[PDB]
Structures are given as structure tokens and as C-alpha cells.
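Below is one structure, written out as C-alpha cells, with a few remarks after it.
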Amino acid sequence: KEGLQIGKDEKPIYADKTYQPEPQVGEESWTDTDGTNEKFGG
Amino acid sequence: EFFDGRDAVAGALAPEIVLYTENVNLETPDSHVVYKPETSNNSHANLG
């Protein structure tokens, strides 16, 4: 409900709405094949 | 090395793609690496 999860410290840190997700930052992998559940945001 | 196909049924398996495999003195006399995803040499993610 809070939003996308970015950093876990647990109390996971959820992206700040003012700027994040920074449009500049995107996954850098064409050979990713991470699998499982690929949650994404923008 | 021989490959046949993912959906091939165990009955009739035949070679479909031959592939010769060897080692060479690979080197990069005039280039370097700017993006190295994983540390382990020869990994899947390292293809990129």
C-alpha cells in the first residue's frame, strides 16, 4: 500500500513520492533473467 | 556438442545443431570493460 519498495533496513523503505522513482534510473541488464516476481515502478 | 530441441520427445531424438567448441588465446589488446555485472567469470549475466 505504501508503494514500491527500494531499500530494506526491517521496516522497508518505500520510495519517496516527491522525486522517486527517478526517471533517469532504470534497470541496466538485457541479460537479467531475474525471474520470480519482477515488480517494477515508474 | 549436439543439440536437438526442447520439445523433442525421447523416442526420436536426432542431431539438429552441431557446434564445435574449443579454447583460444582470447585477448583484448586495444579495449577494456566498462560494465561487468557479476564478479564470477563465465556467468550468464556476464554475457552483457
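In the C-alpha cells, the first chain shown is A, the next is B, and so on; residue numbers restart at 1 for each chain, and ligands run from 1 in the order shown.
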
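In plain terms, chain A touches chain B through residues 30, 31 and 32 of chain A, where touching means an atom at most 7 Å away, counting only C-alpha atoms.
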
Taking N, CA, C and O atoms for each residue, export the selection above as a compact mmCIF listing (two decimals), in the first residue's frame.
# COMPACT_ATOMS: atom_id res chain seq x y z
N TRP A 30 20.19 -6.42 -20.00
CA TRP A 30 19.45 -7.17 -21.01
C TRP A 30 19.57 -8.66 -20.77
O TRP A 30 18.67 -9.42 -21.17
N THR A 31 20.66 -9.10 -20.15
CA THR A 31 20.81 -10.48 -19.68
C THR A 31 20.40 -10.61 -18.22
O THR A 31 21.15 -11.13 -17.39
N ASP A 32 19.20 -10.14 -17.89
CA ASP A 32 18.77 -10.12 -16.49
C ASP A 32 18.24 -11.48 -16.06
O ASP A 32 18.82 -12.13 -15.18

* Could you pull the residues within 7 Å of residue 18 in chain B, counting only C-alpha atoms, minus those fewer than 5 positions along the same chain, as a count of residues only? -> 3

* So which bits of chain A end up strand (DSSP E or B) when you DSSP the backbone, as a PyMOL selection string? -> chain A and resi 5-7+13-14

* If we count only C-alpha atoms, what is near residue 23 in chain A at a cut-off of 12 Å, once residues fewer than 4 positions away on the same chain are taken out, given as a PyMOL selection string? -> chain A and resi 19+27+41-42

Could you turn the residues from that selection into a file that holds N, CA, C and O atoms, as an mmCIF file, in the first residue's frame?
data_model
loop_
_atom_site.group_PDB
_atom_site.id
_atom_site.type_symbol
_atom_site.label_atom_id
_atom_site.label_comp_id
_atom_site.auth_asym_id
_atom_site.auth_seq_id
_atom_site.Cartn_x
_atom_site.Cartn_y
_atom_site.Cartn_z
ATOM 1 N N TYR A 19 10.319 12.738 -5.620
ATOM 2 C CA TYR A 19 11.204 12.508 -6.757
ATOM 3 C C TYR A 19 11.218 11.063 -7.226
ATOM 4 O O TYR A 19 11.081 10.811 -8.430
ATOM 5 N N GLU A 27 16.679 -0.231 -14.726
ATOM 6 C CA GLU A 27 17.450 -1.465 -14.683
ATOM 7 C C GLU A 27 18.418 -1.513 -15.856
ATOM 8 O O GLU A 27 18.035 -1.270 -17.001
ATOM 9 N N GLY A 41 8.333 -0.188 -11.222
ATOM 10 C CA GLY A 41 7.655 1.061 -10.955
ATOM 11 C C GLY A 41 8.177 2.168 -11.848
ATOM 12 O O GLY A 41 9.196 2.025 -12.525
ATOM 13 N N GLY A 42 7.453 3.277 -11.832
ATOM 14 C CA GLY A 42 7.824 4.420 -12.637
ATOM 15 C C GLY A 42 6.940 5.598 -12.305
ATOM 16 O O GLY A 42 6.219 5.591 -11.307
#
